[PDB]
Every structure is written in C-alpha cells, then in structure tokens.
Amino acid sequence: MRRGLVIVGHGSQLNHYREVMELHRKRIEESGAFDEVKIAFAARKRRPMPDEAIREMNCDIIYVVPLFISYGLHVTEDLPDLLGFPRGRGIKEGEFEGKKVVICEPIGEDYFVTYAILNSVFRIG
C-alpha cells in the first residue's frame, strides 16, 4: 500500500508561509514516513489545490492534513466540498476519483502544538 501525504495550508499571503510549508514537506519526505509528500492550498488561485495534488499523486491511500490552527469553514466546508467529502468536523474516509483519501483533523488542537509553543521558550534542541 503506497501512502501519500498532502499538507493543506491557508494564510498564504504571509511572508515565508509556503517556504515553512515546504520545510515540513522536506523533513517528512526525508524521514521516509510516507511514499510521497505534497503541499497544497485551500481557497482561490494558489496552486496546487488539494484536488490537483491528489490527482498527481501515485498512491493507493492519501492522507490530507489541514495545517490550520482554527477549525473554520476552510476545513469543515471548502476542503471537503473540493474533494466531494462530507462536511463537518472530524476524520473523513472515502475515495477521490477512485483513490482512497482520508481527510484528517486540522493540527490546531494537537498536543504537539501546545508543545511547540512551550519549545519556543524552552528551546530544547
């Protein structure tokens, strides 16, 4: 089973936003954790959109991770709508044009975000 990861962002006009997104893609690609890692973007005219990204991916299952702190309409409506998935909060399983796709929850409430905030002070590393 070839496993893909698409990292989906939005806050995308801010300086160095794509570059930080690409740093995570690079780190995760080098770790071997997934067969393929791509970055994509919600909303209007920033390429690729998550649907293009998934189409281009040569994986049997693709995991879609929203790099959002918030849990608003980009996540509960825009993104699912784009991929033809159910709206609302939470994990969603399904297929996008024949391929298995799982929309994961946004990273916002993850204990790792709490710890990233702590580490900005602690600087253990």
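Numbers for residues come from their place in the sequence shown, where the first is 1.
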Which has the higher mean CA temperature factor in the PDB entry, 7-15 or 101-109? 7-15
Higher avg CA temperature factor (72-80 vs 91-99, as deposited) belongs to 91-99
Report the third (lowest, middle or highest) to which the CA temperature factor of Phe41 belongs, ranking only the modelled residues of the same chain. highest
Consider only the C-alpha atoms of the modelled residues in this chain, order them by B-factor as the entry records it, and name the third containing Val20: lowest, middle or highest. highest
Within this chain, which third does the Cα B-factor at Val64 fall in: lowest, middle or highest? lowest
